[PDB]
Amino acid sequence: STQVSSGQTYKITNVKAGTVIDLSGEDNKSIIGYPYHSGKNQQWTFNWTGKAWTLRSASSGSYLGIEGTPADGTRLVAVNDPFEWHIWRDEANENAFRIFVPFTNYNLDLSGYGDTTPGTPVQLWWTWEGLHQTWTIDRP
């Protein structure tokens, strides 16, 4: 298995679609599912703050975050300040993870039930059984 460790850099793969969390090359702001090609924009440095994880883009230095109130369809975007996430192992595949905004029922969700089309938006959604809300955290 692969340990998630503070200071280390990973790709984050959707279990259903096989695409990765990608900071879009078009705007360096939007977060999308894209096939892995070893881009630094597809690589995320995990820090433990003492209570949560922050995820920093290896290419831009922005953090993985959101703007505004968590809801179904809230878009993931690059943000300036570190944004804190909690990770929980998944029940269907225990080597995979669900990734939550702390103190909520909102987890990362690859949109359209895990559409494999490159460019598909990564968003928040209320937690439920779809495999497109589960992720592996892999060596780059």
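Numbering starts at 1 and runs along the sequence shown.
The mean C-alpha temperature factor is higher for 79-87 when 79-87 and 108-116 are set side by side. For the pair 14-22 and 124-132, the mean Cα B-factor is higher in 124-132.
Of the residues listed, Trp44, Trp48, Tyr34, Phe97, the entry assigns the biggest Cα temperature factor to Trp48. The PDB entry assigns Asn93 a C-alpha temperature factor belonging to the lowest third of its chain's modelled residues.
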